[PDB]
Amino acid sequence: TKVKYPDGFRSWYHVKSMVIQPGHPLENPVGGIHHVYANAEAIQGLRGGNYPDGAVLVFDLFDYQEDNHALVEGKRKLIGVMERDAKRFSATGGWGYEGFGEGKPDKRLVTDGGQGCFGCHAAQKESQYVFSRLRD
């Protein structure tokens, strides 16, 4: 019933990025530069196939510094993780939701079985609870 830490996610496929700056509704708690990563199984789902069990998506969040009209990546704040298991994570739509503080395997963040996460991702039922779109 727990989400596996996604070991080696930094070597996976880079889906997309975004910057969330102060004044953005979501600046607490996902302010910063984020990168979405997808393992091979998650790419099947992102391309418009179905997500196999074992699909993992990672939201990789960095603090940033202002450096002379540049935003420069600072420390990692956290990662968010969605792991596909239709049976084991059926209470949250077939995805397990977990957060790791500073991307550390020992700093698990989710306390409610991922019901809060799922609460928002549920809006994306039609794209199997994934916001991120594959781009060129």
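From 1 onward, residues are counted along the sequence shown.
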Stretch with the higher entry mean CA B-factor, where the candidates are 74-82 and 25-33: 25-33
If you take the mean CA temperature factor per stretch, which one wins between 111-119 and 8-16? 111-119
B-factor third for the C-alpha atom of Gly93 within its chain: highest
Lowest, middle or highest third of the chain for the C-alpha temperature factor of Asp67? highest
